[PDB]
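Trainee: Just one file: start12.cif, with mmCIF, C-alpha atoms and all ligand atoms.
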data_query
#
loop_
_atom_site.group_PDB
_atom_site.id
_atom_site.type_symbol
_atom_site.label_atom_id
_atom_site.label_comp_id
_atom_site.auth_asym_id
_atom_site.auth_seq_id
_atom_site.Cartn_x
_atom_site.Cartn_y
_atom_site.Cartn_z
ATOM 1 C CA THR B 553 -88.383 42.463 -22.393
ATOM 2 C CA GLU B 554 -88.734 42.519 -26.173
ATOM 3 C CA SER B 555 -92.148 43.122 -27.740
ATOM 4 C CA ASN B 556 -93.514 43.283 -31.274
ATOM 5 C CA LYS B 557 -95.580 46.469 -31.124
ATOM 6 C CA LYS B 558 -95.616 48.763 -34.151
ATOM 7 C CA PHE B 559 -94.551 52.385 -33.702
ATOM 8 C CA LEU B 560 -94.895 55.631 -35.640
ATOM 9 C CA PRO B 561 -91.812 57.566 -36.799
ATOM 10 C CA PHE B 562 -92.408 60.441 -34.358
ATOM 11 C CA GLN B 563 -93.848 58.518 -31.394
ATOM 12 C CA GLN B 564 -91.751 58.163 -28.254
ATOM 13 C CA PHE B 565 -93.589 56.503 -25.351
ATOM 14 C CA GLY B 566 -96.373 54.038 -24.652
ATOM 15 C CA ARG B 567 -98.764 54.457 -21.740
ATOM 16 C CA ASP B 568 -100.974 51.901 -20.018
ATOM 17 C CA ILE B 569 -104.428 52.375 -18.501
ATOM 18 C CA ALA B 570 -102.777 53.419 -15.224
ATOM 19 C CA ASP B 571 -101.038 56.296 -17.074
ATOM 20 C CA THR B 572 -97.537 55.047 -16.287
ATOM 21 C CA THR B 573 -94.741 54.325 -18.745
ATOM 22 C CA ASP B 574 -94.598 50.727 -19.940
ATOM 23 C CA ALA B 575 -92.963 50.638 -23.394
ATOM 24 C CA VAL B 576 -89.913 52.626 -24.495
ATOM 25 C CA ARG B 577 -87.667 52.925 -27.536
ATOM 26 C CA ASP B 578 -83.887 52.775 -27.390
ATOM 27 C CA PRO B 579 -82.480 56.241 -28.196
ATOM 28 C CA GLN B 580 -79.380 54.838 -29.923
ATOM 29 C CA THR B 581 -80.400 51.424 -31.309
ATOM 30 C CA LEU B 582 -83.956 52.247 -32.496
ATOM 31 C CA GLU B 583 -85.612 49.118 -31.083
ATOM 32 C CA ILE B 584 -88.721 48.752 -28.932
ATOM 33 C CA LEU B 585 -88.653 47.392 -25.372
ATOM 34 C CA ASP B 586 -91.277 46.768 -22.689
ATOM 35 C CA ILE B 587 -91.070 47.345 -18.929
ATOM 36 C CA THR B 588 -92.655 45.178 -16.248
ATOM 37 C CA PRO B 589 -92.226 45.134 -12.444
ATOM 38 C CA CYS B 590 -90.276 42.481 -10.546
ATOM 39 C CA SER B 591 -91.671 41.975 -7.010
ATOM 40 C CA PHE B 592 -94.859 40.237 -5.839
ATOM 41 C CA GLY B 593 -97.219 39.962 -2.850
ATOM 42 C CA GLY B 594 -96.804 39.018 0.780
ATOM 43 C CA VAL B 595 -96.752 36.041 3.142
ATOM 44 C CA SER B 596 -98.697 34.598 6.055
ATOM 45 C CA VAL B 597 -97.871 32.834 9.320
ATOM 46 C CA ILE B 598 -99.577 29.723 10.726
ATOM 47 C CA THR B 599 -99.010 29.019 14.392
ATOM 48 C CA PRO B 600 -100.471 27.350 17.478
ATOM 49 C CA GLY B 601 -100.504 29.205 20.783
ATOM 50 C CA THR B 602 -97.245 30.353 22.334
ATOM 51 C CA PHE F 802 -137.054 12.619 -9.014
ATOM 52 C CA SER F 803 -134.560 12.086 -11.837
ATOM 53 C CA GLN F 804 -134.178 15.828 -12.477
ATOM 54 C CA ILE F 805 -132.917 16.839 -9.004
ATOM 55 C CA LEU F 806 -130.919 13.853 -7.727
ATOM 56 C CA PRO F 807 -127.215 13.864 -8.654
ATOM 57 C CA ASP F 808 -126.380 12.051 -11.879
ATOM 58 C CA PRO F 809 -123.707 9.329 -11.543
ATOM 59 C CA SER F 810 -122.829 9.420 -15.252
ATOM 60 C CA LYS F 811 -121.492 12.975 -15.060
ATOM 61 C CA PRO F 812 -117.751 13.102 -14.241
ATOM 62 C CA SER F 813 -118.614 15.608 -11.481
ATOM 63 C CA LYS F 814 -121.126 15.152 -8.658
ATOM 64 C CA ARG F 815 -123.810 17.542 -9.899
ATOM 65 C CA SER F 816 -127.411 17.572 -11.077
ATOM 66 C CA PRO F 817 -129.023 18.774 -14.332
ATOM 67 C CA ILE F 818 -130.657 21.882 -12.852
ATOM 68 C CA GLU F 819 -127.383 22.901 -11.192
ATOM 69 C CA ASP F 820 -125.545 22.184 -14.447
ATOM 70 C CA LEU F 821 -127.916 24.434 -16.383
ATOM 71 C CA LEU F 822 -127.561 27.116 -13.702
ATOM 72 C CA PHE F 823 -123.752 27.212 -13.736
ATOM 73 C CA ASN F 824 -123.559 28.224 -17.414
ATOM 74 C CA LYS F 825 -126.087 31.081 -17.176
ATOM 75 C CA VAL F 826 -123.903 33.430 -15.086
ATOM 76 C CA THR F 827 -120.611 34.948 -16.270
ATOM 77 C CA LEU F 828 -118.219 34.500 -13.366
ATOM 78 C CA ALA F 829 -115.131 36.701 -13.273
ATOM 79 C CA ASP F 830 -111.708 35.343 -14.189
ATOM 80 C CA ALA F 831 -109.891 33.223 -11.601
ATOM 81 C CA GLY F 832 -107.992 29.958 -11.136
ATOM 82 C CA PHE F 833 -104.641 31.199 -9.787
ATOM 83 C CA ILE F 834 -102.923 27.988 -10.917
ATOM 84 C CA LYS F 835 -99.991 30.017 -12.284
ATOM 85 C CA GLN F 836 -99.707 33.786 -12.493
ATOM 86 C CA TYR F 837 -96.110 35.034 -12.673
ATOM 87 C CA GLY F 838 -95.006 36.012 -16.168
ATOM 88 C CA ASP F 839 -98.335 35.237 -17.843
ATOM 89 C CA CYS F 840 -98.893 38.707 -19.320
ATOM 90 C CA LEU F 841 -95.299 38.743 -20.616
ATOM 91 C CA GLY F 842 -95.780 36.292 -23.489
ATOM 92 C CA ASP F 843 -98.842 35.633 -25.639
ATOM 93 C CA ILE F 844 -100.944 37.768 -23.268
ATOM 94 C CA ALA F 845 -98.822 40.760 -24.258
ATOM 95 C CA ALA F 846 -102.226 42.152 -25.152
ATOM 96 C CA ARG F 847 -102.729 42.886 -21.471
ATOM 97 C CA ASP F 848 -105.824 41.523 -19.761
ATOM 98 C CA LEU F 849 -107.516 43.500 -17.008
ATOM 99 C CA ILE F 850 -106.772 40.930 -14.297
ATOM 100 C CA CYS F 851 -102.980 41.200 -14.373
ATOM 101 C CA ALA F 852 -103.175 44.967 -14.856
ATOM 102 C CA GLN F 853 -105.082 45.056 -11.568
ATOM 103 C CA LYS F 854 -102.607 42.599 -10.043
ATOM 104 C CA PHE F 855 -99.563 44.751 -10.806
ATOM 105 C CA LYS F 856 -100.893 47.579 -8.594
ATOM 106 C CA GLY F 857 -101.341 45.522 -5.420
ATOM 107 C CA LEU F 858 -105.083 44.764 -5.494
ATOM 108 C CA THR F 859 -105.711 41.049 -4.992
ATOM 109 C CA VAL F 860 -108.488 38.545 -4.354
ATOM 110 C CA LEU F 861 -108.537 35.360 -2.293
ATOM 111 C CA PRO F 862 -110.100 31.917 -2.750
ATOM 112 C CA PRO F 863 -113.135 30.914 -0.676
ATOM 113 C CA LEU F 864 -112.946 28.368 2.113
ATOM 114 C CA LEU F 865 -115.516 26.036 0.516
ATOM 115 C CA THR F 866 -115.383 25.086 -3.162
ATOM 116 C CA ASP F 867 -118.383 23.996 -5.222
ATOM 117 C CA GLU F 868 -117.899 20.251 -4.731
ATOM 118 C CA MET F 869 -118.626 20.102 -1.021
ATOM 119 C CA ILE F 870 -121.584 22.466 -1.450
ATOM 120 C CA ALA F 871 -123.033 19.991 -3.931
ATOM 121 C CA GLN F 872 -122.341 17.303 -1.333
ATOM 122 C CA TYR F 873 -124.301 19.126 1.386
ATOM 123 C CA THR F 874 -127.210 19.602 -1.004
ATOM 124 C CA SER F 875 -127.218 15.935 -2.026
ATOM 125 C CA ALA F 876 -127.237 15.173 1.700
ATOM 126 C CA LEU F 877 -130.198 17.354 2.699
ATOM 127 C CA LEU F 878 -132.352 16.309 -0.237
ATOM 128 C CA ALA F 879 -131.700 12.612 0.361
ATOM 129 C CA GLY F 880 -132.583 13.188 3.999
ATOM 130 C CA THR F 881 -135.899 14.849 3.215
ATOM 131 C CA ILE F 882 -136.961 12.372 0.524
ATOM 132 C CA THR F 883 -136.892 9.176 2.616
ATOM 133 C CA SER F 884 -137.327 10.214 6.254
ATOM 134 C CA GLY F 885 -140.124 12.781 6.408
ATOM 135 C CA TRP F 886 -139.314 15.699 8.680
ATOM 136 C CA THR F 887 -138.055 13.849 11.753
ATOM 137 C CA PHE F 888 -134.321 14.012 11.077
ATOM 138 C CA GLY F 889 -134.278 17.693 12.007
ATOM 139 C CA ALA F 890 -134.697 16.768 15.680
ATOM 140 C CA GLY F 891 -133.415 13.266 16.453
ATOM 141 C CA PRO F 892 -132.485 9.981 14.797
ATOM 142 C CA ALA F 893 -133.708 9.256 11.291
ATOM 143 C CA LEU F 894 -136.949 7.289 10.960
ATOM 144 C CA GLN F 895 -138.021 5.831 7.618
ATOM 145 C CA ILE F 896 -141.558 6.226 6.252
ATOM 146 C CA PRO F 897 -142.974 5.166 2.859
ATOM 147 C CA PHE F 898 -143.529 8.129 0.568
ATOM 148 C CA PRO F 899 -147.337 7.989 0.049
ATOM 149 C CA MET F 900 -148.049 7.984 3.788
ATOM 150 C CA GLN F 901 -145.756 10.985 4.191
HETATM 151 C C1 LIG B 1001 -138.329 11.296 -15.168
HETATM 152 O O1 LIG B 1001 -138.490 12.477 -15.930
HETATM 153 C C2 LIG B 1001 -137.394 12.745 -16.814
HETATM 154 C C3 LIG B 1001 -137.693 14.075 -17.467
HETATM 155 O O2 LIG B 1001 -139.094 14.296 -17.564
HETATM 156 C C4 LIG B 1001 -137.229 11.603 -17.816
HETATM 157 O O3 LIG B 1001 -136.038 11.816 -18.564
HETATM 158 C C5 LIG B 1001 -136.344 12.064 -19.953
HETATM 159 O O4 LIG B 1001 -136.923 10.917 -20.582
HETATM 160 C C6 LIG B 1001 -137.274 11.141 -21.955
HETATM 161 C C7 LIG B 1001 -137.969 9.891 -22.437
HETATM 162 O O5 LIG B 1001 -139.381 10.049 -22.435
HETATM 163 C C8 LIG B 1001 -136.024 11.479 -22.761
HETATM 164 O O6 LIG B 1001 -136.400 11.779 -24.100
HETATM 165 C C9 LIG B 1001 -135.302 12.673 -22.150
HETATM 166 O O7 LIG B 1001 -134.064 12.885 -22.818
HETATM 167 C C10 LIG B 1001 -135.043 12.439 -20.664
HETATM 168 N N1 LIG B 1001 -134.438 13.616 -20.060
HETATM 169 C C11 LIG B 1001 -133.601 13.558 -19.018
HETATM 170 C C12 LIG B 1001 -133.073 14.872 -18.525
HETATM 171 O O8 LIG B 1001 -133.288 12.494 -18.495
HETATM 172 C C13 LIG B 1001 -137.127 10.264 -17.095
HETATM 173 O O9 LIG B 1001 -137.167 9.200 -18.039
HETATM 174 C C14 LIG B 1001 -138.267 10.096 -16.098
HETATM 175 N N2 LIG B 1001 -138.109 8.863 -15.345
HETATM 176 C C15 LIG B 1001 -138.957 7.837 -15.446
HETATM 177 C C16 LIG B 1001 -138.645 6.643 -14.599
HETATM 178 O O10 LIG B 1001 -139.931 7.871 -16.188
HETATM 179 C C1 LIG B 1002 -73.605 57.291 -32.498
HETATM 180 O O1 LIG B 1002 -74.981 57.421 -32.893
HETATM 181 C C2 LIG B 1002 -75.246 56.940 -34.218
HETATM 182 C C3 LIG B 1002 -76.694 57.250 -34.514
HETATM 183 O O2 LIG B 1002 -77.541 56.171 -34.139
HETATM 184 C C4 LIG B 1002 -74.926 55.450 -34.298
HETATM 185 O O3 LIG B 1002 -75.142 54.992 -35.628
HETATM 186 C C5 LIG B 1002 -73.480 55.204 -33.889
HETATM 187 O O4 LIG B 1002 -73.218 53.806 -33.846
HETATM 188 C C6 LIG B 1002 -73.201 55.814 -32.518
HETATM 189 N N1 LIG B 1002 -71.799 55.655 -32.166
HETATM 190 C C7 LIG B 1002 -71.370 55.529 -30.907
HETATM 191 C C8 LIG B 1002 -69.890 55.374 -30.730
HETATM 192 O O5 LIG B 1002 -72.141 55.542 -29.954
#
Kindly return the structure encoded in the file as structure tokens.

Mentor:
Amino acid sequence: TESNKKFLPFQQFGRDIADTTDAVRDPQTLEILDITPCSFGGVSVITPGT
Amino acid sequence: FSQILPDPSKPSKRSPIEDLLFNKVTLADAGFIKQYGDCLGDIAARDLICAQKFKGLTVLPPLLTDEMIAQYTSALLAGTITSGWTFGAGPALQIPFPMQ
């Protein structure tokens, strides 16, 4: 996604509390982008006796 | 007994002491009405809850909400105000308050 975070001229990466990459900068366009995961949690089954 | 009985005028079935209690404790964030994509927009300043969520640690809602708990309480108190202590064993039996 696209974010509006300010960056320094010599900064490269942004790191979250979990110490994992979240925000990057495009090496050839010089614009800032943000990374988020895509999946989610699990399911459950309701059933009477077999 | 106007300070303990539930107040009809309130939009929710609660009583003034309970109402004063609820605002004196800072409950953690919850509600779960909608969660996906929340921290993508205006919450781009990430909150701790979705940061926890993204790593697979979750919480679950309780079986009984607050409303039915208030209902049980407004049941027990109404039972003990107008029937002495007999309704704990058998059928309810009414007694005037001063004799009790
Ligand atoms: C029962 O007691 C409550 C509180 O002591 C009374 O309610 C208050 O009444 C005064 C009037 O003297 C008001 O100024 C307060 O705003 C009331 N407070 C609340 C929380 O209601 C109530 O009037 C009493 N009931 C009777 C029948 O006298
Ligand atoms: C090569 O990199 C320069 C430096 O950003 C850029 O201006 C140019 O458009 C790039 N050209 C190609 C063909 O990738």

Trainee: Residues up to 8 Å from ligand LIG 1002 (chain B), counting all atoms listed in the file: could you list those as a PDB file with C-alpha atoms, in the coordinates of the input?

Mentor:
ATOM      1  CA  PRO B 579     -82.480  56.241 -28.196  1.00  0.00           C
ATOM      2  CA  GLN B 580     -79.380  54.838 -29.923  1.00  0.00           C
ATOM      3  CA  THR B 581     -80.400  51.424 -31.309  1.00  0.00           C
ATOM      4  CA  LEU B 582     -83.956  52.247 -32.496  1.00  0.00           C
TER       5      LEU B 582
END

Trainee: Grab the atom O9 of ligand LIG 1001 (chain B) to CA of residue 804 (chain F) distance for me, in Å with one decimal place.

Mentor: 9.2 Å

Trainee: Could you give me, as JSON, numbers by chain, the residues within 12 Å of residue 837 (chain F), counting all atoms listed in the file and dropping anything in the same chain fewer than 6 positions from it?

Mentor: {"B": [588, 589, 590, 591, 592, 593], "F": [844, 851, 854, 855]}

Trainee: Would you list the residues that come within 9 Å of ligand LIG 1001 (chain B)? Count only C-alpha atoms and all ligand atoms and give the answer as an NGL selection string.

Mentor: :F and (802-804 or 817)

Trainee: Given the file shown, determine the residues that the PyMOL selection byres ((chain B and not hetatm) within 12 of (chain F)) selects; report them as number ranges by chain.

Mentor: B: 553-557, 568-572, 574-575, 585-594

Trainee: What is the CA of residue 883 (chain F) to CA of residue 808 (chain F) distance in Å?

Mentor: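 We find that CA of residue 883 (chain F) and CA of residue 808 (chain F) lie 18.1 Å from each other.
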
Trainee: Residue 880 (chain F): which residues within 12 Å, counting only C-alpha atoms, same-chain residues fewer than 2 positions away excluded, as a list in words?

Mentor: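 With the cut-off at 12 Å, the set is residues 806, 873, 874, 875, 876, 877, 878, 882, 883, 884, 885, 886, 887, 888, 889, 892, 893, 894, 895 and 896 of chain F.
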
Trainee: Can you spell out as a PyMOL selection string the set of residues that the PyMOL selection byres (((chain F and resi 829) around 12) and not hetatm) selects in the structure I just provided?

Mentor: chain F and resi 826-828+830-832+849-850+860

Trainee: Can you sort out the box for region 564-573 of chain B, edges along x, y and z, all listed atoms in, 3 Å on every side, with centre and edge lengths in Å to one decimal, as lines of an AutoDock Vina configuration file?

Mentor:
center_x = -98.1
center_y = 55.0
center_z = -21.7
size_x = 18.7
size_y = 12.3
size_z = 19.0

Trainee: Which is closest to residue 867 (chain F) among F:833, F:823, F:807, F:818, if we use only C-alpha atoms?

Mentor: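 Answer, going by the shortest atom-to-atom distance: F:823.
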
Trainee: Could you work out how far CA of residue 868 (chain F) lies from CA of residue 821 (chain F), giving the answer in Å with one decimal?

Mentor: 15.9 Å

Trainee: Could I see region 853-878 of chain F restored to N, CA, C and O atoms, set down as a compact mmCIF listing (two decimals), in the frame of the given file?

Mentor:
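Dumped to rebuild_23.txt:
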# COMPACT_ATOMS: atom_id res chain seq x y z
N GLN F 853 -104.71 44.83 -12.96
CA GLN F 853 -105.08 45.06 -11.57
C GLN F 853 -104.05 44.47 -10.62
O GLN F 853 -103.72 45.08 -9.60
N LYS F 854 -103.53 43.28 -10.94
CA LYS F 854 -102.61 42.60 -10.04
C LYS F 854 -101.33 43.41 -9.84
O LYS F 854 -100.79 43.46 -8.73
N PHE F 855 -100.84 44.04 -10.90
CA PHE F 855 -99.56 44.75 -10.81
C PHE F 855 -99.60 45.95 -9.87
O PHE F 855 -98.54 46.46 -9.51
N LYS F 856 -100.78 46.42 -9.47
CA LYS F 856 -100.89 47.58 -8.59
C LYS F 856 -101.13 47.22 -7.14
O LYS F 856 -101.27 48.12 -6.31
N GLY F 857 -101.19 45.94 -6.80
CA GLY F 857 -101.34 45.52 -5.42
C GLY F 857 -102.75 45.24 -4.95
O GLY F 857 -102.96 45.14 -3.74
N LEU F 858 -103.72 45.12 -5.85
CA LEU F 858 -105.08 44.76 -5.49
C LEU F 858 -105.30 43.29 -5.82
O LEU F 858 -105.14 42.89 -6.98
N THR F 859 -105.64 42.49 -4.82
CA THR F 859 -105.71 41.05 -4.99
C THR F 859 -107.03 40.51 -4.46
O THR F 859 -107.75 41.17 -3.71
N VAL F 860 -107.33 39.27 -4.85
CA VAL F 860 -108.49 38.54 -4.35
C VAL F 860 -108.02 37.21 -3.79
O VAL F 860 -106.91 36.75 -4.06
N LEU F 861 -108.88 36.58 -3.01
CA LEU F 861 -108.54 35.36 -2.29
C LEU F 861 -109.55 34.27 -2.60
O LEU F 861 -110.70 34.57 -2.94
N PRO F 862 -109.17 33.01 -2.48
CA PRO F 862 -110.10 31.92 -2.75
C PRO F 862 -111.00 31.66 -1.56
O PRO F 862 -110.60 31.88 -0.41
N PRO F 863 -112.22 31.19 -1.79
CA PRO F 863 -113.14 30.91 -0.68
C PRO F 863 -112.75 29.64 0.06
O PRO F 863 -112.02 28.79 -0.45
N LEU F 864 -113.27 29.52 1.28
CA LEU F 864 -112.95 28.37 2.11
C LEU F 864 -113.59 27.09 1.57
O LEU F 864 -113.00 26.01 1.66
N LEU F 865 -114.79 27.20 1.02
CA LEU F 865 -115.52 26.04 0.52
C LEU F 865 -115.68 26.16 -0.99
O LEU F 865 -116.21 27.15 -1.48
N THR F 866 -115.22 25.14 -1.72
CA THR F 866 -115.38 25.09 -3.16
C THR F 866 -116.81 24.68 -3.51
O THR F 866 -117.70 24.63 -2.65
N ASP F 867 -117.05 24.40 -4.79
CA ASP F 867 -118.38 24.00 -5.22
C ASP F 867 -118.69 22.55 -4.87
O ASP F 867 -119.85 22.20 -4.60
N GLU F 868 -117.67 21.69 -4.86
CA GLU F 868 -117.90 20.25 -4.73
C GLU F 868 -118.55 19.91 -3.40
O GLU F 868 -119.54 19.17 -3.35
N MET F 869 -118.01 20.42 -2.30
CA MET F 869 -118.63 20.10 -1.02
C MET F 869 -119.99 20.76 -0.84
O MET F 869 -120.83 20.21 -0.12
N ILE F 870 -120.24 21.90 -1.48
CA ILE F 870 -121.58 22.47 -1.45
C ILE F 870 -122.57 21.52 -2.12
O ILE F 870 -123.67 21.26 -1.61
N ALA F 871 -122.19 20.99 -3.29
CA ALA F 871 -123.03 19.99 -3.93
C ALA F 871 -123.23 18.78 -3.03
O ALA F 871 -124.31 18.18 -3.01
N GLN F 872 -122.20 18.42 -2.26
CA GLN F 872 -122.34 17.30 -1.33
C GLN F 872 -123.36 17.60 -0.23
O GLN F 872 -124.20 16.75 0.08
N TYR F 873 -123.30 18.78 0.38
CA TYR F 873 -124.30 19.13 1.39
C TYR F 873 -125.70 19.07 0.80
O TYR F 873 -126.64 18.59 1.45
N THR F 874 -125.88 19.60 -0.41
CA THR F 874 -127.21 19.60 -1.00
C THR F 874 -127.70 18.18 -1.26
O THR F 874 -128.86 17.85 -0.95
N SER F 875 -126.85 17.33 -1.82
CA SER F 875 -127.22 15.94 -2.03
C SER F 875 -127.39 15.18 -0.72
O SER F 875 -127.92 14.07 -0.73
N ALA F 876 -126.93 15.74 0.40
CA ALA F 876 -127.24 15.17 1.70
C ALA F 876 -128.62 15.59 2.20
O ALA F 876 -129.42 14.73 2.58
N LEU F 877 -128.91 16.89 2.19
CA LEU F 877 -130.20 17.35 2.70
C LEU F 877 -131.35 16.79 1.89
O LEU F 877 -132.38 16.39 2.45
N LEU F 878 -131.23 16.78 0.56
CA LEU F 878 -132.35 16.31 -0.24
C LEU F 878 -132.60 14.82 -0.01
O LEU F 878 -133.76 14.38 0.09
